[PDB]
Structure formats: C-alpha cells, structure tokens
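Engineer: okay, here's the opening piece of the assembly, coordinates as they are in the complex:
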Amino acid sequence: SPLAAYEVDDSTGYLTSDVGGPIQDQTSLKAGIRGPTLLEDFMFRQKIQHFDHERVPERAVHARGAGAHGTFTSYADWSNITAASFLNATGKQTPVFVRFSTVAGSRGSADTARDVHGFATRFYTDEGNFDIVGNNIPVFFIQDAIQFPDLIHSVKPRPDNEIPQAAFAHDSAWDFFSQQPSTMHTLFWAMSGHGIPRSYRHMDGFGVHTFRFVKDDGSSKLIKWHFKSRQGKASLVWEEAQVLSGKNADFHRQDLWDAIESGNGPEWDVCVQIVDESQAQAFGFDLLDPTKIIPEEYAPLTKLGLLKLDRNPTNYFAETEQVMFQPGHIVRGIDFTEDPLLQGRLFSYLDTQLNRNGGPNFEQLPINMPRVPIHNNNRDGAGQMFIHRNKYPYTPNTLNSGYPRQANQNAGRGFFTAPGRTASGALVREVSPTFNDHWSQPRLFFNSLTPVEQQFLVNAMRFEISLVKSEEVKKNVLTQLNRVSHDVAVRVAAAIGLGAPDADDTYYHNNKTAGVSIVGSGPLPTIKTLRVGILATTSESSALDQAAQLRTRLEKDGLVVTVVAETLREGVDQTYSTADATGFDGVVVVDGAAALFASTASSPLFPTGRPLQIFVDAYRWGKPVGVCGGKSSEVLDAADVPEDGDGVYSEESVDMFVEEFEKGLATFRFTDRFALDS
C-alpha cells in the first residue's frame, strides 16, 4: 500500500502490448505453418526486446540482499538535540524501507557467506527522504574513501579467473589486510559470529560514522547511530553456515519474508550515542576515525524510537533491486562530519545510480520518490517522467515571481551545514596521526568475547588463512595479528604451519566493553519464529500421532514446526530427502520413530543414514535436541548424545517436554559441545 498508486493489476483481462493493443504471445508469425518467422511480428519483438533488456547492473557492493517496508515511530520530541522533523513529536510515524545484504558476493551468492552485512534504512520523512546506510558491524576496514576500490578489489574474486566467491578465502584479501592494518578491527568482527548472523532480524545496524545532530538554533552534537535488535543477537556456527550456503542460498531473505508474512515483523530500537563536539579526541581515539567505536561505558545509548518492518514488497525488482540509497539523502537537523570515509561516500552513491538506472532520473522510481512535493529546476534527462509547468526554471527570476524560493537556516526549513563547523590549515593529502592506532580496539573487541567465542574466532581465522597459498602473506598476517594479541597469533599459527612472531606488547591490554559479544548476550528475548524439526515416520501411526500432538503444543507458542518423514501426507511437511539440520533451530525425535535411528538406515527414498545425521548435526552445532515420548535410549545412544547433556531433553509428557525444550530454544546454543585450545 505505500506505493499503491503505481501498482498494476493483472488478475483479469486480455493480454496487451505496452501501448494497450490486445495481442497474443505464444506463437510466432510465420510464412506458412513450417515457415520462417516474419520481421513484421511486432508481438514477438516487443516481448523479446523487453526480456533481452530486463537486467540492470548489480550494485558494486552489497549486490546480494533483500528488503521490506515498515514504520518508524518516535518515542519523544527530540528538538532538544535535533531539528529533524521525523523526530519532533512523541508517537510521530514515518514510513520506512530497509534493505539488508552481504558485501562481497554477486547478486546470486549465498546469504550465509562469512561477510560484513548491510543494513540500509530509508525514512520517507515529511521533510524529505533520509537514509542511514549502515552495516551490522560498527567499524569499517579503511580510513579514507579513496581506498574503497583497493579494499573491494582485494576481497572480490581474483580478476583473471573470478575465483573465489568468498571473500576471505584467498591470498589477495589477506595481502590487503596485512598491508593495511586499519583493517584489523572490522576483520576481527567479521571473523566473529557477527560474520555469520542467524538472520537479518538477529543483527544490529550501525551508521559507523560519527554524524552530527543540529538543533534549530544552530548548535551541534556528535552522534553514532545504533539500531538494537529486539529479537536478540544470534549467529550460525561456521560449519552450519557452509551447509546452508548449499542447501538454502536464500536463507536470510526467506527468514525475513516469512517472519513478516506470519505477523512477526522484526523490530529495532533506533538509538544514538550523543557526545559534545569538544569530546572529538577525549575517548583516546579520534571520532572522525571510522575504525573505532565509542565504548558504551563512556557514552550510553539513548533510545529515539522504534523501527518495525511489517510489509513485504509486491515486486522485488521494482522495489528491492531498484532502491537507491545515498548518505546524501540528508534532512534538516542532521549533518556530516569530516570522517574521510564518509566524505567520499557522498560522491559515490549519487554517481553509481547513473550506472544502475542508466540515466539521471532515478529519484523518480516509485521506491525512490519522496512523500512530499518536489519544487526545483532540475529538468529533462533520459526517462523524464514529470511534465513541468514552470517554463522559467532559473534562479533568480521574475517571470516565475521568484519561485521556487531559496530554503536555508532562516527560511523554508532549509537544510543548513552546522554553522560552528570550520576548516583550517594546508590543503593536504595527509593522514591524521590521530588515526594511527590500528590494534588497541581490535584487542578490546577480542577481550570482550567469551572463551568459546574467542575459540570460534580463532577457528575462523585458522580456516580462512589456511587457504592462503603465499607463505609470505601468511607470515605478514601473523605479524599483524600478533600486534593485537600474541595468543591469537600463536593459536592461528599452529593451524597453518608457521611460528608466531615474538610478543610485541605496545597495544596489548585487558580492557573489555559491553554489548559486542553474541555468546555473552544471554538468552533470546523471544523464541517466536524459531524452527523446530520433528523427526517422525510413516511406518507407525503412533509416531505421526506424537508429531501431531507436539505440533499443536509448539505452534501455540509461535514456533514454526516442520514434521519430517519418509514421504509426504497430511500433517507431514517435508521428506527426509530434502530435510537437513540447517533447517531447524531445534530437533525433536518422536519415540515412535526410534527404529529409523541408525547410520545403517537404508531406502530409495533418502540417503543412507539421513534421519540420524539430522539429529547428530543438530547436536554438534549446539542446538537443543531431544526425544519425546519416554523412550530415549535407542535414539540417543545411536547419536552418541548423552541423556544428561545440557540442551538434551527426554520426557514422556508433551507439555513438560515443550516447557524444557523452549528454554533450550531461548538459550539457543549449547556451547559446552565445542572444544577449546588449551
């Protein structure tokens, strides 16, 4: 409904050309029944011309993603810190569109690659469109926008053969990281669980840069944007992400679509850290440096409002593929800072839409339109939709009585640059020495992870680095890792055949910061939408009965239940042949199906050992697993799963099973199942 005016219905009627002439489109016009096709067949050509031109260039980065519509609602009148109109009253609602994404892969690459992720939000405000073009990691790899193509060429596939897809699994990416140590912070983030989130709904959004909030009186404060998930933070484990990439490349986009269709649209509290202009260098780093966070211990979050996504697109291409974000889409009340990464973005996003749209009128696409009137003297250009009535589109004029009028701080609610901003000094292509500590914050982030989480990050490093051919590059990588943590360097080095360099303690410290760990962020606040696979059998009507019973108990609490069996029928959603543990957040075997549970289990209907392997994989990957009905030994012993294990459940009673199992879903992952380096 927000784009309802542009909708085209085809639920009735006869086929027409694009100019409304009724036509057919199923057989070519030929010179005889077995003859050649005629050039005069305009039906053919118009249809095939359209087909032939359907594709547009993918985004230069973040090509793989998915989007949805929603609403933002303000918690207060924030005129005490910003003139921004969308934040000017308690309860004030503004429509939004959000696109989530990975970064490196092309538009058909898997959701569950290890990567940084995008979180781009458009507020269609009553004073113009405002975009916050963020990521799920609060810091960036580089400190100057001019370096963006260097970073992106290095992580994207090698350009002789376009291998590999899979940003971290090759020499060039680690060459760049080891030569450009600014990269360490974001690298450590991407090697954590934040690189493989469980869903777009279980990750946060960050503006990354310091921005300014500007009041109507001209005064300014420095801010960081934080969109804090109300679904909780959660990750995949790496092996699971790898399997999912193959079994369901669409996993994150489907998770989002489904959550919305079920009335479980995801929410975030939109927050800021707010600090004075005089605290630009007060926190031990420079707020212009996008490789640093402000620890929450120095600057707490202020909740500004609620973001909720609750309506899927009607046409993906028209809405999600064509949405064209820009940090240049700014509104009165907000300003830029002199972060050199942000500064250059402002150029990039206006220019790149020429590439994608093929012409200058991209703001006229329905998804890009504002929801207020446009008054300016921009004209013409390919694809111009507007029929402008003002035949004197110049300023200054008298022949249009001086309209449109100039808007500025003092009239017309113009945008204005924060008037306290200044520049001083030589015109330079020099990096500020205040940017030079590339290692302290990576150590702060590492120190804030739990032991098992540190292990997972080491293990991701071990996995990726071991795929680098060049022994020199590997050596250079350990030089940098060792500046963050000697222990990381040692542990990584052990997997890859090299010695770590001697400890260099210049940047070592034991400080920690809250709110960055996933494993430490406690049980999820809600288990609605989480997936429970019930493994049953058609060979015992009792097993189906148990499955049906469990289904109703689980569905009542908003879990999404899949009953698996050998073949489909009423009440069974999925065959063993298609099922996989990656499909579930928890796995329950009904004891009527215990006979299936052997690695022995053979059938033309599924691969040998499949039922058991679903259970075993679930267990190995940390998930809650159990057996419902009272008889658990045969299944559990076949799986080599201990009955007294944490997150392993066995009960006859369905109610008591479900009560226990739902606590395990909230815990989400049983990290005691993963080995630690000693």
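Structural biologist: Structure received. Residues are numbered from 1 along each chain as shown, chains lettered A, B, ... in the order given.
Engineer: show me what contacts residue A:364?
Structural biologist: Listed by C-beta atoms under 8 Å, 6 or more residues apart in numbering, the contact set of residue A:364 reads A:383-386. For the C-beta atoms, the positions are set from N, CA and C on the backbone; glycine is no exception.
Engineer: domain ranges for chain A?
Structural biologist: Listed domain ranges for chain A are A:1-427, A:428-526, A:527-678 (source: curated CATH domains).
Engineer: And the longest one, end to end?
Structural biologist: End-to-end distance for domain A:1-427: 50 Å, by C-alpha to C-alpha, to the nearest Å.
Engineer: Now residue A:579. Nearest residue, chain neighbours left out?
Structural biologist: Excluding the flanking residues, the one nearest residue A:579 by C-beta to C-beta, 6 or more residues apart in numbering is residue A:564, at 4.6 Å.
Engineer: sec struct for the one you found, please.
Structural biologist: When classified by DSSP: H, G, I helix; E, B strand; the rest coil, residue A:564 comes out as strand.
Engineer: for it, what are its contacts?
Structural biologist: When contacts are counted by C-beta under 8 Å, 6+ apart, residue A:564 touches A:533-536, A:572-576, A:579, A:611, A:614.
Engineer: Out of those residues, list just those in strands.
Structural biologist: Secondary structure from DSSP state E places A:533-535, A:574-575 of the contacts of residue A:564 in strands.
Engineer: got a markdown table for these, with distance to residue A:54 and neighbour count too?
Structural biologist: Listed next are the ones in strands among the contacts of residue A:564 as a markdown table, based on distance: C-beta to C-beta, whole Å; neighbours: other C-beta atoms under 10 Å:
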| residue | distance to residue A:54 | neighbour count |
| --- | --- | --- |
| A:533 | 37 | 27 |
| A:534 | 41 | 28 |
| A:535 | 42 | 28 |
| A:574 | 33 | 15 |
| A:575 | 34 | 15 |
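Engineer: Tell me the one of those nearest residue A:85?
Structural biologist: residue A:533 (47.6 Å; C-beta to C-beta).
Engineer: That closest one reaches residue A:565, doesn't it?
Structural biologist: No. Residue A:533 lies out of contact with residue A:565 (C-beta atoms under 8 Å); the separation is 11.2 Å.
Engineer: Quick check: the spatially closest residue to residue A:608 that is not a sequence neighbour vs residue A:587, distance?
Structural biologist: Closest residue to residue A:608 apart from its sequence neighbours, by C-beta to C-beta, 6+ apart: residue A:602 at 5.1 Å. Distance from residue A:602 to residue A:587, counting by C-beta to C-beta, to the nearest Å: 21 Å.
Engineer: Run through the residues that contact the closest residue to residue A:30 other than its chain neighbours.
Structural biologist: Counting by C-beta to C-beta, 6+ apart, residue A:30 lies nearest to residue A:37, which is 5.6 Å off, once chain neighbours are set aside. Contacts for residue A:37 (C-beta under 8 Å, 6+ apart) come out as A:28-30, A:44.
Engineer: picking that back up, as CSV, the ones in strands among the contacts of residue A:564 with distance to residue A:426 would be great.
Structural biologist: CSV is the format used below for those (distance: C-beta to C-beta, whole Å):
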residue, distance to residue A:426
A:533, 64
A:534, 70
A:535, 70
A:574, 67
A:575, 70
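Engineer: Separate out the buried members of the contacts of residue A:364.
Structural biologist: Restricting the contacts of residue A:364 to buried positions leaves nothing, with burial counted as 16 or more other C-beta atoms under 10 Å.
Engineer: Show me which of these is closest to residue A:418.
Structural biologist: Checking those one by one against residue A:418 (C-beta to C-beta), the nearest turns out to be residue A:386, at 32.5 Å.
Engineer: so who does the closest one touch?
Structural biologist: Applying C-beta under 8 Å, 6+ apart, one finds that residue A:386 lies in contact with residue A:364.
Engineer: what about it, distance to residue A:279?
Structural biologist: Taken as C-beta to C-beta, the span from residue A:386 to residue A:279 is 45 Å.
Engineer: following sequence is chain B, place it on the structure:
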Amino acid sequence: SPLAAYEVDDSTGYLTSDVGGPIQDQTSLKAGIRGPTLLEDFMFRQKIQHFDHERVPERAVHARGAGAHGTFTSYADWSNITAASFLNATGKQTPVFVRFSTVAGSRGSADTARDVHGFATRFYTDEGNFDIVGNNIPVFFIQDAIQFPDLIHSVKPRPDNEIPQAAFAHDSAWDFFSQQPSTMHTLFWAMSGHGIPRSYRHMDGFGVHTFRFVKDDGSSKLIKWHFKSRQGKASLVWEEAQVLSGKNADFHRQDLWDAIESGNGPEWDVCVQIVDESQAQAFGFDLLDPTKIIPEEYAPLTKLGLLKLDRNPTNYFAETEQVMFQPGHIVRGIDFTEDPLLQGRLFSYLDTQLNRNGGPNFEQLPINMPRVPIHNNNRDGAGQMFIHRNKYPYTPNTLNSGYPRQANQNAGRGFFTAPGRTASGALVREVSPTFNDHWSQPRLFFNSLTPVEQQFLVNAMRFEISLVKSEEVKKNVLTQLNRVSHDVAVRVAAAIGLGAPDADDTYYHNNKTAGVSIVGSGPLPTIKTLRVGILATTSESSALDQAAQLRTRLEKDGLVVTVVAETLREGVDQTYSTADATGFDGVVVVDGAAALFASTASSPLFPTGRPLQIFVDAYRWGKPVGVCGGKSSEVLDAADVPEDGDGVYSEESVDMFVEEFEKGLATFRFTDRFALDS
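Structural biologist: Placing chain B onto the earlier chains gives this:
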C-alpha cells in the same frame, strides 16, 4: 590477435590517471589534516567514478559461467558437404573461445546447481566469426522462441521475493512444465545426471537445432552439431552437488582453470549428424522441432575435427564477462532452418548486447573482434573505436569507386541463404501438428538409462516436486509424467502423498537409444586431473611417510593429490577443518592415521567426527575409497564400509594399492551403493 595489442602491463611504473598524468590514490585531498574533502580532488573522483561504474548487466540467462581460449583443427577437407572455410582442409587450425554456464542462476550462483548448461563456442575463422551457441542437453524445453520469457520467468525466482535460487524447487516452474508438455524431454534430461555434470570437461555440447550445411554449388543437407567429450561423461550425485554448492560455488570454473594450467586442456570431437532435406519428416518427428533428437541408430556421427581448450583468460571481465555470442554470427557454408526457436534467437542475441554493452559498438571489444579485415558502412554510435577513412559510406557510390563491393553466392565468398529454401502458405501464428508428440522421446530417453540411473532421476523428481506447495500443481505434474511413464508417475507420487493417475498408454514404448546414458557410458578414458584426498595425521611420522609415498606415485599419473591432516606443514596441503569429500574423486586413509577415525576423536582444530565423515561421505557418494598400509580394517569397520565392496580397497603395498585405486578412479562411481525401489 586483436587481444595482444590491448594487453596492459602494470608490473612496473608509477601510478597514472587514465590520461597518463602521474598521481597518487591513497589519501583524499582535504582542507586541513582533519578537514573535509575537496571537490577539486580529481584523483579521488576519477578512481571512484570508475569503481562506481564497474558493473554491467549480467546475461539475461546463463549469467553464471566461465571461459577459455583454444584451437579447433579440421580432420579433413569437408568441401564435399560444406563450403565453410574453417572446414576446407585437413589440419586447418582456427582459434576458438568457449564459455560454459548454467542457465537460471544469477552471477555468483553456484556452479553445481541442478540446471541445463551452456556450451558456447566462437570459431575466429578466416571468413568471419562463427558461433555455435549450444547446451549440454540436445533438446530444449519449448518449441517457439516467443515462449522464452515464459519459460525463464517460470524457472527464475518468484518475482515478489526473489526466492528461490534453485530453478526446479518451486511451484512456478512445475506449473509451467505441467501446462506446457513440450518441456518433458528437457525436463527428464535435467533430472538425470546431465543436470549435475561432474565438470564442463565431462559433458558434451549440442547445437540443439537442425542447421544446414551448404556447398558452393548451392545444394544443402540438414545437420545436428554434437561435440563429444574426450574426457568421458560423468556426473555428481545430488547430495554431493548440494554440498558442493556451499563448500565451493566455483567448482566447475576452478576445475576448468586448473585443468588448463596443468597442461590437461579439455578436448572434444566436433561431430555432425548429416541427413538429406528429404528426411525432414522421415524419422517419426519433425527436424524443425528442437524438442527431439535424431537417434544415433538412424544417423551416425561424422567426426569433423578437434576442439581443444588450452589457454586461460588474462582478465575475466574483459574476456569472459564481455564475450557476446550470437547465432547470427554465421559463415558461408552454414544456413539456418525454419525451427521457430532458432528463428527468434537470431533477433534476441543482437538486441540483448545493447543492454549489456550499453551501446552499439560491442563487436569492437577485443574478444568480439574478428581476425580478418572489416569493410562496411556502419558508423558512429557510442564507444566508436575506429577512425574510418572512407568519407562516402553509402552504396551505390562513385565517390569511393564503388567500394565496398557486395558479396553473394557468386562474388566475394558472400554468405548466401540456401537457394533451395522456400516458403508457402498463409501468414500464420499456428503450431505445426508435426510438433505435437511431447511424450514419446522423454520415454525413449528414460528407457535408455540404467536401473540405478532411472532411480536417480525418479529421486531428483521426488526431491524437487516435494518442495512444490500447491497440491493442484503436483497433480498436474503427475498427469504429464504419467503420459511418459506410468511407473515414473507411481514412484514420484509415492514420495509426495498423492496417487498417480491410471496408466495412459498412448505414448508408451520400450525403445532405447545409444549414447544418452551417463551410468552406461563405461569407464573414463583418462584419469588425469582426477582428485585424490589422502587423510593422514601429524601425530604419526608413519602416516606422513605413507601419504608421501602414495602422493609421489599418484602424481605421476596426472592425479591432483591433497594430503589432509590436522594442521599444515611440509607435505600437508589442507586441514581437516577445510576438507570435505566433495573435494575429491577418491579418498585414501593411510593406516597410520587410524586413531583419528572414530565418531569422536574431538579437537579444537576441526569439527567433531570430521575425519571419519570425509571417508563416510566419499563412500556414500559412490567414490573409490581405501586404506593403504595393511592389517587395519579398524578404519573400514568404524566407517561401516564393507571390505569386500566394489570400489573399496585395502592393501599393505603402496604399489598394489595404487594399481587397484587407479582402476577405481576410471570406473568413477560404484553405483551398487544406492538403493532401488521395490
């Protein structure tokens, strides 16, 4: 070579702009060292503009693919059957470029999706570029080019949410196949192992359409192109293909690249079936219908020459992404037929290149250039790279002395339409009744597969169709399947909880045809490039010695050997953490590593049970597997793998192990390991 002149060497020198001005590109120009970026920074803007515009539209279909250069060599002077110059002398060599692809997936989609595959070959002939734009399956889904957008919309992701990336795993695709029964032949091919080829090198190429060979005397014959692999035919198994999609999305592009680098460039015999014009309707179907094969029993293959691919591109984007094939790239000695699918293709490929290139001068890209002089009156257009001297580009002229001269059948070796061709009848948008048997050949194909191959095809259909939500679509699928084979329909129906319709014997028959089965095609003629994984341990110096002695022997037979252990070091190529059975065509455990091979082991260096799961997966997927080093069947017992099994090896002596295992690699798959229906 038009490509050698445009190669750019950046191995030395200072950075310049695109107009040769030396510059830097690492720091933006700023007003002071913590200041805003300046608009006058041309270094910044030229770099970022280029980045911002790097991407071009992907191909409308066959977006995912990979290419190589090579040579075609004629085996004879074929002037007795065609005027074509590249085929006019024994030993005549012509440069080629080939791109292979899937069909439905975008860029970045995995190579090992179930799909039809492209095999497009450019012959840079001495009489112009000649393209054969083929597929690895000899028949196409539809019988008229006007239906292409219908087919492609139906198999591409649902356009509200762009889900799913798997072409056959959704309702719309099956809706289309069940409403458009022409699709049955290609559908059966795609559900066979030809949907998941082991590599590009292990599949054939087909022109699909009937074409004409035209002699210099104007006479013509009807032909089908067959490019027959000299590597042998081979497939993946489905579960393996799904895992590979996640573990290595680049699997086929890497396989090809690596084969060429190692001097094992792939080969095909370029063959034709040749039949007289009078046989258009002699074989029980119409040669204008691209849903039908001519059985080899009725028309044998004649070998024309050798295709070999032996040089990789220098820059993927410039060469592989930018190659623009067209069936309109035809040469004297070849002509079209009135196949309504081919007829419309001729329009599409010229038009769609305007989309991809953004302008009309795409034939000037080096990869698209010919190898002979161009003489015509085409002029101007965006991106015009030539400086034409002739200032009277019109015919007829006297001001340029009547040049260029018209070329035709008599003068100048012109292309000419086969002079025997005629048309007669009304101008109609009607399908020929001779196209109406949509079911007999699908059954011929199915009858030709071996029993376990028929099971694989049933199982693929069971898998995909079980993912269709609509019970009606499922019913309608069964209706069509049942017209090809009641048994297929019964066996598919059993997996999806419907009953099959009663037998309809109109199109049933028991005929078979040679050369279409993969499982039946016998051992591979070469094992060069095949991958052997040797699972070892760093714990035991015996294990590493055993792996080295095995390696050195296998490597001499052209096998690619990977030694896997817990960590890298001398002699060890890959860690258990990154290893997968999908990485290998055969797996060996050295008996010194026996202690790793339990469902436990446990280590922070790899996931629990990973060593044994590599071996177990390899066995379940049909691969030759064994233990080298004697007396130990502790490994075979932990894996539940029977020592007496075909393709299971156990030998103390490295030489007897290598002799046996090398036979197993040629056999390739041990299909006794897969269960059949009852």
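Engineer: and the contacts of residue A:37, now that chain B is part of it?
Structural biologist: With contact set as C-beta atoms under 8 Å, 6 or more residues apart in numbering or on different chains, residue A:37 has these partners: A:28-30, A:44, B:145, B:340, B:343-344.
Engineer: what kind of secondary structure is the residue in the stretch 201-350 of chain A that chain B sits nearest to in?
Structural biologist: In the stretch 201-350 of chain A, the residue that lies nearest chain B is residue A:246 (2.7 Å; C-beta to the nearest C-beta). When classified by three-state DSSP, residue A:246 comes out as helix.
Engineer: Skip the chain neighbours and tell me the closest residue to it.
Structural biologist: residue B:246 (2.7 Å; C-beta to C-beta, 6 or more residues apart in numbering or on different chains).
Engineer: How about residue A:152?
Structural biologist: residue A:61 (5.9 Å).
Engineer: now residue A:176
Structural biologist: Closest residue to residue A:176 apart from its sequence neighbours, by C-beta to C-beta, 6+ apart: residue A:154 at 3.6 Å.
Engineer: roughly how far apart are that neighbour and chain B?
Structural biologist: 13 Å (C-beta to the nearest C-beta, to the nearest Å).
Engineer: Find the helix or strand that that residue is a member of.
Structural biologist: Counting by DSSP states H and E, the element that carries residue A:154 is helix A:148-155.
Engineer: could you say what helices and strands whatever helix or strand residue A:480 lives in packs with?
Structural biologist: Here residue A:480 sits within helix A:471-484, counting by DSSP H and E. Judged by 3 or more C-beta pairs under 8 Å, 6 or more residues apart in numbering or on different chains; DSSP states H and E, helix A:471-484 is in contact with helix A:171-179, helix A:184-191, helix A:440-447, helix A:451-465, helix A:486-496.
Engineer: quick one: buried residues of stretch A:424-442?
Structural biologist: A:428-429, A:431-432, A:435, A:437-442 (16 or more other C-beta atoms under 10 Å in any protein chain shown).
Engineer: does residue A:106 really touch residue B:110, like I thought?
Structural biologist: No. Applying C-beta under 8 Å as the test, residue A:106 and residue B:110 come out as separate, 11.5 Å apart.
Engineer: In contact with the closest residue to residue A:576 other than its chain neighbours: list those residues for me.
Structural biologist: Using C-beta to C-beta, 6+ apart and skipping the chain neighbours, the partner closest in space to residue A:576 is residue A:606 (3.8 Å). By C-beta under 8 Å, 6+ apart, the contact list for residue A:606 reads A:566, A:575-577.
Engineer: Okay, helices next: where are they in the stretch 551-678 of chain A?
Structural biologist: Using DSSP state H, counting those that start in this stretch, the helices of the stretch 551-678 of chain A run over residues A:610-620, A:633-639, A:654-667.
Engineer: nope, the stretch 151-300 of chain A is what I meant
Structural biologist: A:171-179, A:184-191, A:238-247, A:251-261.
Engineer: If you count contacts, what does the shortest one end up packed against?
Structural biologist: Contact here means 3+ C-beta pairs under 8 Å, 6+ apart; on that basis helix A:184-191 packs against helix A:440-447, helix A:451-465, helix A:471-484.
Engineer: let's go with 10 Å and repeat that
Structural biologist: In terms of contacts (3 or more C-beta pairs under 10 Å, 6 or more residues apart in numbering or on different chains; DSSP states H and E), helix A:184-191 is packed against helix A:171-179, helix A:440-447, helix A:451-465, helix A:471-484.
Engineer: ok and it relative to helix A:440-447, angle-wise?
Structural biologist: With axes from the mean of the first three to the mean of the last three C-alpha atoms, to 10 degrees defining the directions, helix A:184-191 sits at 30 degrees from helix A:440-447.
Engineer: How about the longest one?
Structural biologist: Inter-element angle recorded for helix A:251-261 and helix A:440-447: 70 degrees (by the same axes, to 10 degrees).
Engineer: for helix A:251-261, which positions count as buried?
Structural biologist: Within helix A:251-261, the residues that qualify as buried by neighbour count (16+ other C-beta under 10 Å) are A:251-260.
Engineer: Run through the bridge partners of residue A:411.
Structural biologist: Per DSSP bridges, the residues bridged to residue A:411 are residue A:408.
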